[PDB]
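Encoded as structure tokens, the following chain is the form deposited without the DNA, with no partner shown.
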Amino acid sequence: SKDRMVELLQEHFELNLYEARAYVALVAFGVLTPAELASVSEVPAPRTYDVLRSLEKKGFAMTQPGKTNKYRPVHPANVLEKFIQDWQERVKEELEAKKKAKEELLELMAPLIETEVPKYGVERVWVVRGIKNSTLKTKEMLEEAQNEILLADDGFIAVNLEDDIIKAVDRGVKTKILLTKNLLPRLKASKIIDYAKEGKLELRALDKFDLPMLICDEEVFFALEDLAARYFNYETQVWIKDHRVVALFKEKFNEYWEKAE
């Protein structure tokens, strides 16, 4: 039918509905004026000029300017052939455009991938309040740690996060536990001291240290103090996930750590 001709033109040769209808009409009727097209095909009267003019510019028609414009269809074997050839040239050009878009993006995104160290998630600073949230944060750090754990403990930490601490030790995590000497005998029946003696974790003590902390693989979790927080009672703590901050707290742990035993 003629319907199939309209579809094919619309689908593959970039004509809109009216343009496809008008071109088919031109093939069938030869010379048409916009007025005649109106009566010949299914194209709105105010569009018949607009449409035929488009087909002209698209290479599907030729014309005779005048008070009344006459239009002539370009033979299908020419315009359909020409289109595919012109189409193929656009394609080939675009391919090059994409590979140059490719290279330019690679150049532009090298700055985003060059820093091969700090690839943490967005959330790197997290403020923790209260006892419940505190132990929940400490649990996670212990759950996620895979390389090392450094703990300076004046808590309220070894008890009862013991079962999380030992679990990490059981996973081969290089554990070091430093705690206040005054709090030492609290662990006299702990699992930690057994692992300390067997021993897969090292444990030491110190009369009192000023800056307690938990370090877990490029993460540090420490508490602010000012100055009756303990047993009065309220907690304010800060979590940071960044090698550079951890390096500071790790250097300090190692200063506290070398107070052997």
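A residue's number is simply how far along the shown sequence it sits, counting from 1. Superpose the two forms; the largest set of C-alphas matching within 1.5 Å is the rigid core.
Higher average CA B factor: 112 to 120, of the stretches 112 to 120 and 87 to 95. Of the two segments examined, 134 to 142 and 73 to 81, it is 134 to 142 that shows the higher average Cα temperature factor in the deposited entry.
The residue among 176, 100, 167, 188 whose C-alpha atom has the highest B-factor in the PDB entry is 188.
When the C-alpha B-factors of 56, 198, 202, 219 are ranked from the entry, the top spot goes to 198. The entry lists a Cα temperature factor for residue 210 that places it in the highest third of the chain's modelled residues. When all modelled residues of the chain are sorted by CA temperature factor, residue 68 is found within the highest third. When all modelled residues of the chain are sorted by CA temperature factor, residue 227 is found within the highest third. Residue-level temperature factors show residue 32 in the lowest third of its chain, judged at the C-alpha atom. Annotation for residue 159: C-alpha temperature factor in the highest third relative to the rest of the modelled chain, per the entry.
What follows is about the form solved in complex with the DNA, which we do not show.
Heavy atoms of residue 249 never reach within 4.5 Å of the DNA in the deposited complex, leaving it off the interface. In the deposited complex, none of the heavy atoms of residue 211 sits within 4.5 Å of a heavy atom of the DNA.
Though the partner is left out of this view, residue 65 does not reach within 4.5 Å of the DNA in the deposited complex, counting heavy atoms only. When the DNA is considered in the deposited complex, residue 35 lines it closely, a heavy atom lying within 4.5 Å. None of 204, 47, 230, 200 but one reaches within 4.5 angstroms of the DNA in the deposited complex through a heavy atom, and that residue is 47.
In summary, the region of this chain contacting the DNA in the deposited complex, judged by heavy atoms within 4.5 Å and restricted to 47 to 55, 22 to 30, 214 to 222, 191 to 199, corresponds to 47 to 55. For the stretch 16 to 36, the set of residues having any non-hydrogen atom within 4.5 angstroms of the DNA in the deposited complex comprises 16, 17, 18, 35, in sequence order. For the residue set 215, 223, 203, 40, core-aligned C-alpha shifts between this form and the one not shown reach 2 angstroms or more at a single site, 40.
The rigid-core alignment places the CA of residue 24 2 Å or more apart between this form and the one not shown. Shown in the overlay between this form and the one not shown, fitted on the rigid core, is a CA shift at residue 158 of 2 Å or greater. After superposition on the rigid core, the Cα of residue 236 moves by less than 2 Å between this form and the one not shown.
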